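Only one chain is shown below, in structure tokens, and it's the form solved without the ligand.
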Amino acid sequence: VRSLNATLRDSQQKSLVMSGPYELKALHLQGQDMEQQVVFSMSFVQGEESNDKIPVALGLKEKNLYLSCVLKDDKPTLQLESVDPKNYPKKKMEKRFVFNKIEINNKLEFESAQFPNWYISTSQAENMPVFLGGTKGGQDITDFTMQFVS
């Protein structure tokens, strides 16, 4: 499987960082303070592709930790999941780990492959967790830019 290191920033220029072992938060970050920003390993996995939709998995670079989801109390929920550091990543990743990377005018959206029309979302306010939101439209942020890193 092919991968790619990158950071994500919401359309509001918020950066993502590790809250506890298993949460991500979004905050406005500038300066050498930028160092505390999470670098993903974005893997191109197997799934349904279009010129516009590309299935990926999103792990933390050098951690055996992956964004997935779970129904938690009858709702789709974003979580960080530990995996066997020897089996991952794979081309044929389990569905819970798969997002459709959607290009939409220089911006990206990350839709759950598992829950159609649920997106990786951040909040308008500082220091709130990154979550899975089912609504696009003036409120929560569902769009990101991506920066390559080495």
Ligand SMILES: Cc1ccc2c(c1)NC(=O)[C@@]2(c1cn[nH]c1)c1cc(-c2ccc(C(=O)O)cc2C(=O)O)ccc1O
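A residue's number is simply how far along the shown sequence it sits, counting from 1.
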Give the stretch, out of 54 to 62 and 84 to 92, with the larger mean C-alpha temperature factor in the deposited entry.
54 to 62
Would you tell me which stretch averages the higher CA B-factor in the PDB entry, 135 to 143 or 5 to 13?
135 to 143
Quick one: which of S121, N117, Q124, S68 shows the highest Cα temperature factor in the PDB entry?
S121
Which one, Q30, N106, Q46, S41, has the peak C-alpha temperature factor per the PDB entry?
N106
For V130, the third of its chain by CA B-factor is the highest
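Keep in mind the form solved in complex with the ligand is missing from the figure; the text below concerns it.
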Superimposing the pocket C-alphas so that the ligand sits as it does in the deposited complex, and applying the rule of 3 or more atoms within 2.4 angstroms of backbone or C-beta atoms, the verdict is blocked
May I ask you to check whether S43 falls inside a 4.5 Å heavy atom distance of the ligand in the deposited complex?
yes
If you check in the deposited complex, is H28 within 4.5 Å of the ligand, heavy atoms only?
no
Just checking whether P55 would be counted as a contact of the ligand in the deposited complex - the rule being heavy atoms within 4.5 angstroms.
yes
Hey, in the deposited complex, is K92 touching the ligand, heavy atoms inside 4.5 Å?
yes
